[PDB]
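Residue numbers start at 1 and run along the sequence shown. Keep in mind that the numbers below use all heavy atoms, side chains included, and drop hydrogens, waters and symmetry copies. Every number for a ligand or one of its atoms is a count from 1 in the order of the listing.
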Amino acid sequence: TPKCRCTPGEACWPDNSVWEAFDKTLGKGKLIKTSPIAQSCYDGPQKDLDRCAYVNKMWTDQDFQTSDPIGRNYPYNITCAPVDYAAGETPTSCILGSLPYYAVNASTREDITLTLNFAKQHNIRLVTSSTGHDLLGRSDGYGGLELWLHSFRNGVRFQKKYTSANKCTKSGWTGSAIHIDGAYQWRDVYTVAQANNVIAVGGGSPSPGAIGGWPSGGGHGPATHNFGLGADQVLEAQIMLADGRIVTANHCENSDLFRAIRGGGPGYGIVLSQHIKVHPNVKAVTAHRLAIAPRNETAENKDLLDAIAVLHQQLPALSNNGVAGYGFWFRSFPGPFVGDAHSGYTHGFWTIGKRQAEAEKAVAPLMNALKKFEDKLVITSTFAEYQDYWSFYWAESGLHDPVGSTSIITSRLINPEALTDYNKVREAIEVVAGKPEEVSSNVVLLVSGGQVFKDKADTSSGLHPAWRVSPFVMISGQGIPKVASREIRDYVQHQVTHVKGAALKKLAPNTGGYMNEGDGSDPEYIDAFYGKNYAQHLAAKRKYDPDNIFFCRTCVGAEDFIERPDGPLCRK
Ligand SMILES: Cc1cc2nc3c(=O)[nH]c(=O)nc-3n(C[C@H](O)[C@H](O)[C@H](O)COP(=O)(O)OP(=O)(O)OC[C@H]3O[C@@H](n4cnc5c(N)ncnc54)[C@H](O)[C@@H]3O)c2cc1C
Ligand SMILES: *[C@@H]1O[C@H](CO)[C@@H](O[C@@H]2O[C@H](CO)[C@@H](O)[C@H](O)[C@H]2NC(C)=O)[C@H](O)[C@H]1NC(C)=O
Ligand SMILES: *[C@@H]1O[C@H](CO)[C@@H](O)[C@H](O)[C@H]1NC(C)=O
């Protein structure tokens, strides 16, 4: 049976009549022949400068990118760039690249069954997308048939008391739940949680999918320190296997599959629905806004980075005190970042469940450590109190930031013991700060600790062990030009993987990274992404998808195949 999937233009590729008959079986209009988002910017039959300008204007918008079957928030390889003609830009070339060639706009189980079956029947690579949010190309594939789940939406329903499809009691959970009965986004789930005065533990941005890559890789957000990571919210799922069977996965049934999807990434089956734990609303949340800038701005920014190193050392104490959230910093920035300075550190942290007085005590270990820098840095610190989770969430989080660039980042979970020696930390900070000429994004995800640590007791979970000891994640990355030569991308990828990523590993060598926002070019990605759970993830992969119908890049088992950006996917 053939080692390589069939691709367009080959003799094995179904001819126009076969595709047309497949469109008609589905329901005319469901099969979409994909077109590069910005093809109207280029010469040929599809050229349209009005369409091109609209596309150029809307490229950075998350909804615009989720609305097209091959729209990508963080496109893995821009092979058809939008062209800004008003700005004097001119076209190079436009190809599909590694984006799927056909998509099925699937809105019923029958759509999904037929798409799965057709892919297998014609040996065509099946690509699964709920939203196209992925940063690593795991919802892409050259010459692929995309199962697009964006309109597969059969309700989001609140359960006052979790009620399992197979009456499983082994979760031990008798609290409330939400049945996410479709490939909904967090926005949709949040509306129902809010209507029912409960906390749904979703992402900091509401556009990503609720039941796909987000929970399967981990899933962080404002509420995860307090209530657990996204993967650990999952009580059960309905999943269509490669063989077409629809099965329940929970503590009582196919528990190896259930564990795999809760931390082992995508590619075990097509997730049709999940049930998630939801949590009682709180009476208070206080947010802490901190900003730090140099009094004396220089290319080295020695004092700023000293303080950032110190701040990193304070995070575990903060985490132990119920503090969570996100911090952002730059050694150099192309313009004012903190007040008047073209550099600095800023964060939005919070104590869910605590009023301001307790919030101030919670961050005291950090503010006290920062008193030593009052002569050297300008530091501002404010608190905002909210009377429930949702007013807090929408005020301090619920982000819809600009997107549309390639992601080249590395992530490293940091254990407390990696931070006790200031000099080692300072050295890590020096390297990840990057070259003063090159913009380096550095981000702190203070999203673990607390309940995430506690949920180590849950052996049904598949989450990377390092989550259970690491209260926060460091992410460091750089951009590439929109139209990027191979040489420039290899230079940047090397800085991210072997300079930035390497420093982070040296700082914390016993932990790992975060697959969803992580380094897909790391030679050691298996270790980073999955850790010691990998052998068990792989077993589930080989049991439930022996033919690797759900192949994705870096996903468990992907090393048994060779992916190309411009040719057939093949088994080794
Ligand atoms: C603007 C933006 C903001 C973000 N914010 C956050 C954040 O705050 N916190 C955080 O942790 N992450 C965040 N992410 C990252 C997100 O967790 C990952 O990109 C994740 O892969 C998104 O899953 P998705 O289904 O939405 O993406 P997709 O690209 O649709 O799919 C991602 C992967 O999951 C697979 N997949 C999707 N749906 C299914 C399914 N139903 N069954 C089987 N496999 C499936 C795909 O095959 C692919 O491998 C953000 C991403 C974007 C674009
Ligand atoms: C982005 O897409 C381009 C175009 O498909 C890829 O370039 C090809 O890469 C292979 C090696 O992997 C070469 O043998 C081809 O000659 C390249 N083609 C062209 C037209 O340049 C590129 O590899 C993709 N980048 C990534 C990181 O996936
Ligand atoms: C996808 O299908 C739904 C109906 O199931 C329809 O409302 C929607 O507009 C379709 N989208 C596209 C892009 O064809």
Quick one: nearest non-hydrogen protein atom to atom 23 (O) of ligand 2, plus distance?
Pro565 CG, 3.8 Å

Hey, does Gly219 sit under 4.0 Å from ligand 1 if you only count heavy atoms?
yes

Distance from atom 10 (C) of ligand 3 to nearest protein heavy atom, with residue and atom:
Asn105 ND2, 2.5 Å

Purely on distance, is any nitrogen or oxygen of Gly204 under 3.5 Å from one on ligand 1?
yes

For ligand 1, indicate whether the residue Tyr514 contacts it via side chain, backbone, both or neither (heavy-atom separation under 4.0 Å).
side chain

Does at least one non-hydrogen atom of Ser207 fall below 4.0 angstrom from an atom of ligand 1?
no

Would you mind running through ligand 1 and noting each atom that sits below 4.0 Å from a heavy atom of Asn73?
1 (C), 53 (C)

Could you list which atoms of ligand 3 come closer than 4.0 Å to a heavy atom of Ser107?
5 (O)

Starting from atom 11 (C) of ligand 2, which protein heavy atom do you reach first, and at what distance in Å?
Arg486 NH2, 4.2 Å

Is the closest heavy-atom distance from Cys555 to ligand 1 below 4.0 Å?
no

Are the charged groups of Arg289 and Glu396 less than 4.0 angstrom apart, N to O?
yes

Hey, does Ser67 come in under 3.5 Å of ligand 3, counting only N/O atoms on both sides?
no

Does atom 2 (O) of ligand 3 have any protein heavy atom closer than 4.0 Å?
yes

Counting heavy atoms under 4.0 Å, the part of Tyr74 that contacts ligand 1 is side chain

Atom indices of ligand 2, in the order listed, that fall short of 4.0 Å to a heavy atom of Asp566
8 (C), 10 (C), 15 (C), 17 (C), 18 (N)

Identify the protein heavy atom lying closest to atom 13 (C) of ligand 3, giving its residue, its atom name and the separation to 0.1 Å.
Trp148 CZ3, 4.1 Å

Whether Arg468 and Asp232 form a salt bridge (side-chain N of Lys/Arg under 4.0 Å from carboxylate O of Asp/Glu) is what I want to check.
yes

Is the contact between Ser139 and ligand 1 made by the side chain, the backbone, both, or neither, using heavy atoms and a 4.0 Å cut-off?
both

Between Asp111 and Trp148, is there a side-chain heavy-atom distance shorter than 4.5 Å?
no

Can you check whether a protein heavy atom sits less than 4.0 angstrom from atom 15 (C) of ligand 2?
yes

Would you say atom 8 (C) of ligand 2 has a protein heavy atom nearer than 4.0 Å?
yes

Structural part of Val127 in contact with ligand 1, heavy atom criterion under 4.0 angstrom:
neither

Could you check atom 28 (O) of ligand 2 against the protein and tell me its nearest heavy-atom contact, residue, atom and distance included?
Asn77 ND2, 3.7 Å

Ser207 and side chain to side chain donor-acceptor pair (under 3.5 Å): which single residue from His400, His133, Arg187 fits?
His133

Do ligand 1 and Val271 have nitrogen or oxygen atoms that lie under 3.5 Å from each other?
yes

Specify whether the nearest protein heavy atom to atom 8 (C) of ligand 3 is under 4.0 angstrom away.
yes

Closer than 4.0 angstrom: is that true for some heavy atom of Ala183 and an atom of ligand 1?
no

Side-chain ion pair, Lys500 and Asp519, N-O less than 4.0 Å
no

Do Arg262 and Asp458 meet the salt-bridge criterion of a basic N to acidic O distance under 4.0 Å?
yes

